[PDB]
file my_file38.tsv (TSV, N, CA and C atoms)
chain	number	residue	atom	x	y	z
T	1	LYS	N	0.84	-1.23	0.00
T	1	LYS	CA	0.00	0.00	0.00
T	1	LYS	C	0.86	1.26	0.00
T	2	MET	N	0.22	2.41	-0.20
T	2	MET	CA	0.93	3.68	-0.22
T	2	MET	C	0.84	4.38	1.13
T	3	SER	N	1.57	5.48	1.27
T	3	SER	CA	1.56	6.25	2.51
T	3	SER	C	0.27	7.03	2.67
T	4	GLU	N	0.01	7.50	3.89
T	4	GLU	CA	-1.20	8.27	4.17
T	4	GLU	C	-0.85	9.71	4.53
T	5	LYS	N	-1.43	10.65	3.79
T	5	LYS	CA	-1.18	12.07	4.04
T	5	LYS	C	-1.98	12.56	5.24
T	6	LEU	N	-1.37	13.44	6.03
T	6	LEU	CA	-2.03	13.99	7.21
T	6	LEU	C	-2.68	15.33	6.89
T	7	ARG	N	-3.87	15.56	7.43
T	7	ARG	CA	-4.58	16.81	7.20
T	7	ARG	C	-4.13	17.88	8.18
T	8	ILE	N	-3.24	18.75	7.72
T	8	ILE	CA	-2.72	19.83	8.55
T	8	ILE	C	-2.98	21.18	7.91
T	9	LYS	N	-3.84	21.97	8.53
T	9	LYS	CA	-4.19	23.29	8.02
T	9	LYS	C	-4.13	24.34	9.13
T	10	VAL	N	-3.21	25.28	9.00
T	10	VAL	CA	-3.05	26.34	9.99
T	10	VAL	C	-3.89	27.56	9.64
T	11	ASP	N	-4.81	27.91	10.53
T	11	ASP	CA	-5.68	29.06	10.31
T	11	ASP	C	-5.97	29.78	11.62
T	12	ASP	N	-5.04	29.69	12.57
T	12	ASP	CA	-5.19	30.33	13.86
T	12	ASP	C	-3.87	30.94	14.33
T	13	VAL	N	-3.93	32.16	14.85
T	13	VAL	CA	-2.73	32.84	15.33
T	13	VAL	C	-3.06	33.81	16.46
T	14	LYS	N	-2.41	33.63	17.60
T	14	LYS	CA	-2.63	34.49	18.75
T	14	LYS	C	-1.37	35.28	19.09
T	15	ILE	N	-1.39	36.57	18.75
T	15	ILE	CA	-0.25	37.44	19.01
T	15	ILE	C	-0.13	37.77	20.49
T	16	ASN	N	1.00	37.42	21.09
T	16	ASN	CA	1.24	37.69	22.50
T	16	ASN	C	2.50	38.54	22.68
T	17	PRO	N	2.51	39.42	23.70
T	17	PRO	CA	3.65	40.29	23.98
T	17	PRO	C	4.95	39.51	24.19
T	18	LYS	N	4.83	38.22	24.50
T	18	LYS	CA	5.99	37.38	24.72
T	18	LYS	C	6.41	36.66	23.44
T	19	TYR	N	5.42	36.22	22.66
T	19	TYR	CA	5.70	35.52	21.41
T	19	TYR	C	4.42	35.27	20.63
T	20	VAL	N	4.57	34.99	19.34
T	20	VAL	CA	3.42	34.72	18.47
T	20	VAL	C	3.23	33.22	18.26
T	21	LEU	N	2.11	32.70	18.74
T	21	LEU	CA	1.81	31.27	18.61
T	21	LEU	C	1.01	31.00	17.35
T	22	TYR	N	1.03	29.75	16.89
T	22	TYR	CA	0.30	29.37	15.69
T	22	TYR	C	-0.59	28.16	15.95
T	23	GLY	N	-1.87	28.28	15.62
T	23	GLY	CA	-2.80	27.19	15.82
T	23	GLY	C	-2.80	26.22	14.66
T	24	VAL	N	-1.99	25.18	14.76
T	24	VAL	CA	-1.89	24.18	13.70
T	24	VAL	C	-2.94	23.09	13.88
T	25	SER	N	-3.88	23.03	12.95
T	25	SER	CA	-4.95	22.04	13.01
T	25	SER	C	-4.47	20.69	12.46
T	26	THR	N	-4.92	19.61	13.10
T	26	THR	CA	-4.54	18.27	12.68
T	26	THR	C	-5.60	17.25	13.11
T	27	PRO	N	-5.55	16.02	12.55
T	27	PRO	CA	-6.51	14.97	12.88
T	27	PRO	C	-6.77	14.86	14.38
T	28	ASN	N	-5.77	15.23	15.17
T	28	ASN	CA	-5.89	15.18	16.62
T	28	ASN	C	-6.60	16.43	17.14
T	29	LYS	N	-6.09	17.59	16.75
T	29	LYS	CA	-6.66	18.87	17.16
T	29	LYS	C	-5.72	20.02	16.82
T	30	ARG	N	-6.10	21.23	17.22
T	30	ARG	CA	-5.29	22.41	16.95
T	30	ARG	C	-4.19	22.56	18.00
T	31	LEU	N	-2.94	22.52	17.56
T	31	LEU	CA	-1.80	22.64	18.46
T	31	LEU	C	-1.14	24.01	18.32
T	32	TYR	N	-0.85	24.64	19.46
T	32	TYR	CA	-0.22	25.95	19.47
T	32	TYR	C	1.30	25.83	19.59
T	33	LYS	N	2.01	26.30	18.57
T	33	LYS	CA	3.46	26.25	18.57
T	33	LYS	C	4.06	27.54	18.03
T	34	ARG	N	5.38	27.65	18.09
T	34	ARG	CA	6.07	28.84	17.61
T	34	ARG	C	7.04	28.50	16.48
T	35	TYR	N	7.22	29.43	15.55
T	35	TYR	CA	8.12	29.22	14.42
T	35	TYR	C	9.52	28.85	14.91
T	36	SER	N	9.97	29.54	15.95
T	36	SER	CA	11.29	29.28	16.52
T	36	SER	C	11.40	27.82	16.98
T	37	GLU	N	10.25	27.19	17.22
T	37	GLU	CA	10.22	25.80	17.66
T	37	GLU	C	10.38	24.86	16.47
T	38	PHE	N	9.90	25.30	15.31
T	38	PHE	CA	10.00	24.50	14.10
T	38	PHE	C	11.45	24.44	13.62
T	39	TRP	N	12.15	25.57	13.74
T	39	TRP	CA	13.54	25.64	13.32
T	39	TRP	C	14.42	24.77	14.21
T	40	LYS	N	14.25	24.89	15.52
T	40	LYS	CA	15.03	24.11	16.46
T	40	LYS	C	14.74	22.62	16.30
T	41	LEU	N	13.59	22.29	15.71
T	41	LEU	CA	13.22	20.90	15.49
T	41	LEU	C	13.89	20.35	14.24
T	42	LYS	N	14.00	21.20	13.22
T	42	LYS	CA	14.62	20.81	11.96
T	42	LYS	C	16.09	20.45	12.15
T	43	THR	N	16.92	21.46	12.35
T	43	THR	CA	18.36	21.27	12.54
T	43	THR	C	18.65	20.13	13.52
T	44	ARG	N	17.76	19.94	14.49
T	44	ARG	CA	17.94	18.88	15.47
T	44	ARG	C	17.95	17.51	14.79
T	45	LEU	N	16.86	17.20	14.08
T	45	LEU	CA	16.75	15.93	13.37
T	45	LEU	C	18.02	15.63	12.58
T	46	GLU	N	18.66	16.68	12.09
T	46	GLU	CA	19.89	16.54	11.31
T	46	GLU	C	21.01	15.96	12.17
T	47	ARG	N	21.09	16.43	13.41
T	47	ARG	CA	22.11	15.97	14.34
T	47	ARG	C	21.62	14.78	15.16
T	48	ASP	N	20.31	14.61	15.23
T	48	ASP	CA	19.72	13.50	15.98
T	48	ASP	C	19.58	12.27	15.10
T	49	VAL	N	19.16	12.48	13.86
T	49	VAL	CA	18.99	11.38	12.91
T	49	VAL	C	20.30	11.10	12.18
T	50	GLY	N	21.08	12.14	11.96
T	50	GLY	CA	22.35	11.98	11.26
T	50	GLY	C	22.18	11.96	9.75
T	51	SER	N	21.05	12.48	9.27
T	51	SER	CA	20.78	12.51	7.84
T	51	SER	C	20.40	13.92	7.40
T	52	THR	N	20.48	14.17	6.09
T	52	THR	CA	20.14	15.47	5.54
T	52	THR	C	18.63	15.60	5.34
T	53	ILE	N	18.08	16.73	5.77
T	53	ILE	CA	16.65	16.98	5.64
T	53	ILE	C	16.34	17.74	4.35
T	54	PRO	N	15.43	17.20	3.51
T	54	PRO	CA	15.06	17.83	2.25
T	54	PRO	C	13.91	18.83	2.39
T	55	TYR	N	13.86	19.52	3.52
T	55	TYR	CA	12.81	20.50	3.76
T	55	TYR	C	13.35	21.92	3.64
T	56	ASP	N	12.70	22.72	2.80
T	56	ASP	CA	13.11	24.11	2.59
T	56	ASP	C	12.82	24.96	3.81
T	57	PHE	N	13.85	25.61	4.34
T	57	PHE	CA	13.70	26.46	5.51
T	57	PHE	C	14.64	27.67	5.43
T	58	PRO	N	14.14	28.82	4.95
T	58	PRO	CA	14.94	30.04	4.83
T	58	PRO	C	15.05	30.80	6.15
T	59	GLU	N	16.25	30.81	6.72
T	59	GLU	CA	16.48	31.51	7.98
T	59	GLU	C	17.21	32.83	7.75
T	60	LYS	N	16.93	33.82	8.59
T	60	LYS	CA	17.56	35.12	8.47
T	60	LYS	C	18.54	35.36	9.62
T	61	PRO	N	19.73	35.91	9.33
T	61	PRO	CA	20.75	36.18	10.34
T	61	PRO	C	20.29	37.22	11.36
T	62	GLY	N	20.63	37.00	12.62
T	62	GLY	CA	20.24	37.93	13.67
T	62	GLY	C	21.35	38.16	14.68
T	63	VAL	N	22.33	38.97	14.32
T	63	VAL	CA	23.45	39.27	15.20
T	63	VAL	C	23.07	40.36	16.21
T	64	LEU	N	23.08	41.61	15.77
T	64	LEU	CA	22.73	42.73	16.63
T	64	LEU	C	22.26	43.92	15.81
T	65	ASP	N	21.49	43.64	14.76
T	65	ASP	CA	20.96	44.69	13.89
T	65	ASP	C	19.89	45.50	14.61
T	66	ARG	N	20.20	46.76	14.91
T	66	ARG	CA	19.26	47.64	15.59
T	66	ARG	C	18.44	48.44	14.58
T	67	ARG	N	19.05	48.73	13.44
T	67	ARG	CA	18.37	49.49	12.39
T	67	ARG	C	17.49	48.58	11.56
T	68	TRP	N	17.93	47.34	11.38
T	68	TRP	CA	17.19	46.36	10.60
T	68	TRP	C	16.32	45.48	11.51
T	69	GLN	N	15.93	46.02	12.66
T	69	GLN	CA	15.10	45.29	13.61
T	69	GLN	C	13.79	44.86	12.96
T	70	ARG	N	13.16	43.84	13.54
T	70	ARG	CA	11.89	43.33	13.02
T	70	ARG	C	10.90	43.09	14.15
T	71	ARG	N	9.61	43.17	13.83
T	71	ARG	CA	8.57	42.96	14.82
T	71	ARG	C	8.00	41.54	14.72
T	72	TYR	N	8.26	40.73	15.74
T	72	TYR	CA	7.78	39.36	15.77
T	72	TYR	C	6.26	39.30	15.64
T	73	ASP	N	5.60	40.39	16.00
T	73	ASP	CA	4.14	40.45	15.92
T	73	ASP	C	3.69	41.20	14.67
T	74	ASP	N	4.48	41.10	13.61
T	74	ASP	CA	4.16	41.77	12.35
T	74	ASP	C	3.40	40.84	11.41
T	75	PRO	N	2.17	41.21	11.02
T	75	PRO	CA	1.34	40.39	10.13
T	75	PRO	C	2.09	40.00	8.85
T	76	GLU	N	2.91	40.92	8.35
T	76	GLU	CA	3.68	40.67	7.13
T	76	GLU	C	4.56	39.43	7.29
T	77	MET	N	5.24	39.34	8.43
T	77	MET	CA	6.11	38.20	8.71
T	77	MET	C	5.30	37.00	9.18
T	78	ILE	N	4.22	37.27	9.89
T	78	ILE	CA	3.35	36.21	10.40
T	78	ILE	C	2.64	35.49	9.26
T	79	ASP	N	2.20	36.25	8.26
T	79	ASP	CA	1.50	35.69	7.11
T	79	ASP	C	2.28	34.53	6.50
T	80	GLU	N	3.56	34.77	6.19
T	80	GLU	CA	4.41	33.75	5.60
T	80	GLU	C	4.77	32.67	6.62
T	81	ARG	N	5.08	33.10	7.84
T	81	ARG	CA	5.44	32.16	8.90
T	81	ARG	C	4.37	31.09	9.06
T	82	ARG	N	3.15	31.41	8.64
T	82	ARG	CA	2.03	30.48	8.74
T	82	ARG	C	2.26	29.26	7.86
T	83	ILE	N	2.42	29.48	6.56
T	83	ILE	CA	2.64	28.39	5.62
T	83	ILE	C	4.05	27.81	5.76
T	84	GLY	N	4.26	26.65	5.15
T	84	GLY	CA	5.56	26.00	5.22
T	84	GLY	C	5.66	25.01	6.36
T	85	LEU	N	4.86	25.23	7.40
T	85	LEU	CA	4.87	24.34	8.57
T	85	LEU	C	4.06	23.08	8.30
T	86	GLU	N	2.82	23.26	7.85
T	86	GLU	CA	1.94	22.13	7.56
T	86	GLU	C	2.59	21.16	6.58
T	87	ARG	N	3.27	21.70	5.58
T	87	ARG	CA	3.94	20.88	4.58
T	87	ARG	C	5.09	20.09	5.20
T	88	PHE	N	5.85	20.75	6.07
T	88	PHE	CA	6.98	20.12	6.73
T	88	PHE	C	6.53	18.94	7.60
T	89	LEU	N	5.25	18.93	7.96
T	89	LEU	CA	4.69	17.86	8.78
T	89	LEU	C	4.22	16.69	7.92
T	90	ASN	N	3.32	16.97	6.99
T	90	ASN	CA	2.78	15.95	6.10
T	90	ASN	C	3.88	15.04	5.55
T	91	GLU	N	4.86	15.64	4.88
T	91	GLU	CA	5.96	14.88	4.30
T	91	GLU	C	6.67	14.04	5.37
T	92	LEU	N	6.93	14.65	6.51
T	92	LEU	CA	7.60	13.96	7.61
T	92	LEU	C	6.74	12.81	8.13
T	93	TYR	N	5.52	13.14	8.53
T	93	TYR	CA	4.59	12.15	9.05
T	93	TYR	C	4.26	11.10	7.99
T	94	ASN	N	4.52	11.42	6.73
T	94	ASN	CA	4.26	10.50	5.63
T	94	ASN	C	5.42	9.53	5.43
T	95	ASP	N	5.75	8.80	6.49
T	95	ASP	CA	6.85	7.84	6.43
T	95	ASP	C	6.46	6.63	5.58
T	96	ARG	N	7.45	6.07	4.89
T	96	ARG	CA	7.21	4.91	4.03
T	96	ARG	C	8.26	3.83	4.26
T	97	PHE	N	9.52	4.17	3.99
T	97	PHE	CA	10.62	3.22	4.16
T	97	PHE	C	11.51	3.63	5.34
T	98	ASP	N	11.58	4.93	5.60
T	98	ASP	CA	12.39	5.45	6.69
T	98	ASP	C	11.61	6.47	7.51
T	99	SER	N	11.40	6.16	8.79
T	99	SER	CA	10.67	7.05	9.68
T	99	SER	C	11.59	7.65	10.75
T	100	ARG	N	12.90	7.57	10.52
T	100	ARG	CA	13.87	8.11	11.46
T	100	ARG	C	13.55	9.56	11.80
T	101	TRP	N	13.02	10.28	10.82
T	101	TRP	CA	12.66	11.68	10.99
T	101	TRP	C	11.58	11.85	12.06
T	102	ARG	N	10.57	10.98	12.02
T	102	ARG	CA	9.47	11.05	12.99
T	102	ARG	C	9.76	10.18	14.21
T	103	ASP	N	10.63	9.19	14.05
T	103	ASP	CA	10.99	8.30	15.14
T	103	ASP	C	11.71	9.06	16.25
T	104	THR	N	12.37	10.16	15.88
T	104	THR	CA	13.10	10.97	16.84
T	104	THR	C	12.20	11.39	18.00
T	105	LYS	N	12.81	11.66	19.15
T	105	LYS	CA	12.07	12.07	20.34
T	105	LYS	C	11.54	13.50	20.18
T	106	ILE	N	12.26	14.31	19.41
T	106	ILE	CA	11.87	15.69	19.17
T	106	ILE	C	10.59	15.76	18.34
T	107	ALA	N	10.48	14.87	17.36
T	107	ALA	CA	9.31	14.84	16.49
T	107	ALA	C	8.07	14.39	17.25
T	108	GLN	N	8.23	13.34	18.06
T	108	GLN	CA	7.12	12.82	18.85
T	108	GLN	C	6.71	13.81	19.93
T	109	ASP	N	7.67	14.59	20.41
T	109	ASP	CA	7.41	15.58	21.45
T	109	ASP	C	7.00	16.92	20.84
T	110	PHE	N	7.29	17.10	19.55
T	110	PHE	CA	6.96	18.34	18.86
T	110	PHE	C	5.49	18.71	19.04
T	111	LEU	N	4.60	17.74	18.85
T	111	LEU	CA	3.17	17.97	18.99
T	111	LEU	C	2.61	17.28	20.23
T	112	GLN	N	3.49	16.98	21.19
T	112	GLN	CA	3.07	16.31	22.42
T	112	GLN	C	2.42	14.97	22.10
T	113	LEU	N	3.10	14.18	21.27
T	113	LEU	CA	2.60	12.87	20.88
T	113	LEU	C	3.13	11.78	21.81
T	114	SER	N	3.22	12.10	23.10
T	114	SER	CA	3.71	11.16	24.09
T	114	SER	C	2.66	10.09	24.39
T	115	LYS	N	2.89	9.32	25.44
T	115	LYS	CA	1.95	8.26	25.83
T	115	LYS	C	1.23	8.63	27.13
T	116	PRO	N	0.02	9.19	27.03
T	116	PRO	CA	-0.77	9.58	28.20
T	116	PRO	C	-1.27	8.38	28.99
T	117	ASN	N	-1.34	8.53	30.31
T	117	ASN	CA	-1.80	7.46	31.18
T	117	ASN	C	-2.76	7.99	32.25
call {"tool": "encode", "arguments": {"input": "my_file38.tsv", "output": "structure tokens"}}
result
Amino acid sequence: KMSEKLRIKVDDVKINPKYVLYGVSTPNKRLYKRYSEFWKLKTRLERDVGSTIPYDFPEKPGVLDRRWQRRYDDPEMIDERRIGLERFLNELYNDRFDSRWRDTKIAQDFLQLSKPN
């Protein structure tokens, strides 16, 4: 048989003075996460799995630019920050021959996919 695609559609965003969360909808429910969490999850799998990730992720340098500062609560940046996440999940969760990407503890913990008791 073939792999099964996961239904992930992000259409929720709550801007907070501390950080901007994203309501990612899924077969389980809407999970609130941060973009900074997606990045730390990506590079991790690379060092945790030991393999190269074929997921597009454009990161911007942030040394100490005071003039080129950016607003984390900016709709312009939030708009794009929305997409790209759902896709990074479907492909990942769509394991076929190798699930090392999702087998990782970070992936299972990414959406709190632990074992409740």
call {"tool": "closest_residue", "arguments": {"input": "my_file38.tsv", "among": "T:12, T:66, T:7, T:88", "to": "residue 26 in chain T", "atoms": "all atoms listed in the file"}}
result
T:7
call {"tool": "atom_distance", "arguments": {"input": "my_file38.tsv", "atom1": "CA of residue 39 in chain T", "atom2": "CA of residue 57 in chain T"}}
result
7.9 Å
call {"tool": "select_by_dssp", "arguments": {"input": "my_file38.tsv", "residues": "chain T", "states": "strand (DSSP E or B)", "output": "PyMOL selection string"}}
result
chain T and resi 9-15+20-25+31-33
call {"tool": "residues_around", "arguments": {"input": "my_file38.tsv", "residues": "residue 31 in chain T", "least_positions_apart": "4", "cutoff": "9 Å", "atoms": "only C-alpha atoms", "output": "list in words"}}
result
residues 22, 23, 24, 25, 26, 111 and 112 of chain T
call {"tool": "write_last_selection", "arguments": {"input": "my_file38.tsv", "atoms": "N, CA and C atoms", "output": "PDB file, keeping the file's coordinate frame"}}
result
ATOM      1  N   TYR T  22       1.030  29.750  16.890  1.00  0.00           N
ATOM      2  CA  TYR T  22       0.300  29.370  15.690  1.00  0.00           C
ATOM      3  C   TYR T  22      -0.590  28.160  15.950  1.00  0.00           C
ATOM      4  N   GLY T  23      -1.870  28.280  15.620  1.00  0.00           N
ATOM      5  CA  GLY T  23      -2.800  27.190  15.820  1.00  0.00           C
ATOM      6  C   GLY T  23      -2.800  26.220  14.660  1.00  0.00           C
ATOM      7  N   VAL T  24      -1.990  25.180  14.760  1.00  0.00           N
ATOM      8  CA  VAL T  24      -1.890  24.180  13.700  1.00  0.00           C
ATOM      9  C   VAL T  24      -2.940  23.090  13.880  1.00  0.00           C
ATOM     10  N   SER T  25      -3.880  23.030  12.950  1.00  0.00           N
ATOM     11  CA  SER T  25      -4.950  22.040  13.010  1.00  0.00           C
ATOM     12  C   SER T  25      -4.470  20.690  12.460  1.00  0.00           C
ATOM     13  N   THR T  26      -4.920  19.610  13.100  1.00  0.00           N
ATOM     14  CA  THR T  26      -4.540  18.270  12.680  1.00  0.00           C
ATOM     15  C   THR T  26      -5.600  17.250  13.110  1.00  0.00           C
ATOM     16  N   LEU T 111       4.600  17.740  18.850  1.00  0.00           N
ATOM     17  CA  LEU T 111       3.170  17.970  18.990  1.00  0.00           C
ATOM     18  C   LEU T 111       2.610  17.280  20.230  1.00  0.00           C
ATOM     19  N   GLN T 112       3.490  16.980  21.190  1.00  0.00           N
ATOM     20  CA  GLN T 112       3.070  16.310  22.420  1.00  0.00           C
ATOM     21  C   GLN T 112       2.420  14.970  22.100  1.00  0.00           C
TER      22      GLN T 112
END
call {"tool": "residues_around", "arguments": {"input": "my_file38.tsv", "residues": "residue 13 in chain T", "least_positions_apart": "3", "cutoff": "12 Å", "atoms": "only C-alpha atoms", "output": "PyMOL selection string"}}
result
chain T and resi 10+16+19-25+30-35+73-75+78-79+81-83
call {"tool": "atom_distance", "arguments": {"input": "my_file38.tsv", "atom1": "atom C of residue 3 in chain T", "atom2": "atom N of residue 99 in chain T"}}
result
12.7 Å
call {"tool": "closest_residue", "arguments": {"input": "my_file38.tsv", "among": "T:28, T:69, T:94, T:52", "to": "residue 5 in chain T", "atoms": "only C-alpha atoms"}}
result
T:94
call {"tool": "select_by_dssp", "arguments": {"input": "my_file38.tsv", "residues": "chain T", "states": "alpha helix (DSSP H)", "output": "number ranges by chain"}}
result
T: 35-49, 75-82, 85-93, 100-103, 105-110
call {"tool": "atom_distance", "arguments": {"input": "my_file38.tsv", "atom1": "CA of residue 44 in chain T", "atom2": "CA of residue 62 in chain T"}}
result
19.3 Å
call {"tool": "closest_residue", "arguments": {"input": "my_file38.tsv", "among": "T:9, T:14, T:60, T:40", "to": "residue 27 in chain T", "atoms": "all atoms listed in the file"}}
result
T:9
call {"tool": "closest_residue", "arguments": {"input": "my_file38.tsv", "among": "T:96, T:115, T:29, T:102", "to": "residue 2 in chain T", "atoms": "all atoms listed in the file"}}
result
T:96
call {"tool": "axis_aligned_box", "arguments": {"input": "my_file38.tsv", "around": "range 61-69 of chain T", "padding_each_side": "4 Å", "output": "lines of an AutoDock Vina configuration file"}}
result
center_x = 18.6
center_y = 42.7
center_z = 13.0
size_x = 17.7
size_y = 21.6
size_z = 15.3
call {"tool": "residues_near_point", "arguments": {"input": "my_file38.tsv", "point": "(10.8, 11.8, 15.5)", "cutoff": "12 Å", "atoms": "only C-alpha atoms", "output": "list in words"}}
result
residues 41, 42, 44, 45, 46, 48, 49, 89, 92, 93, 94, 95, 98, 99, 100, 101, 102, 103, 104, 105, 106, 107, 108, 109, 110, 111, 112, 113 and 114 of chain T
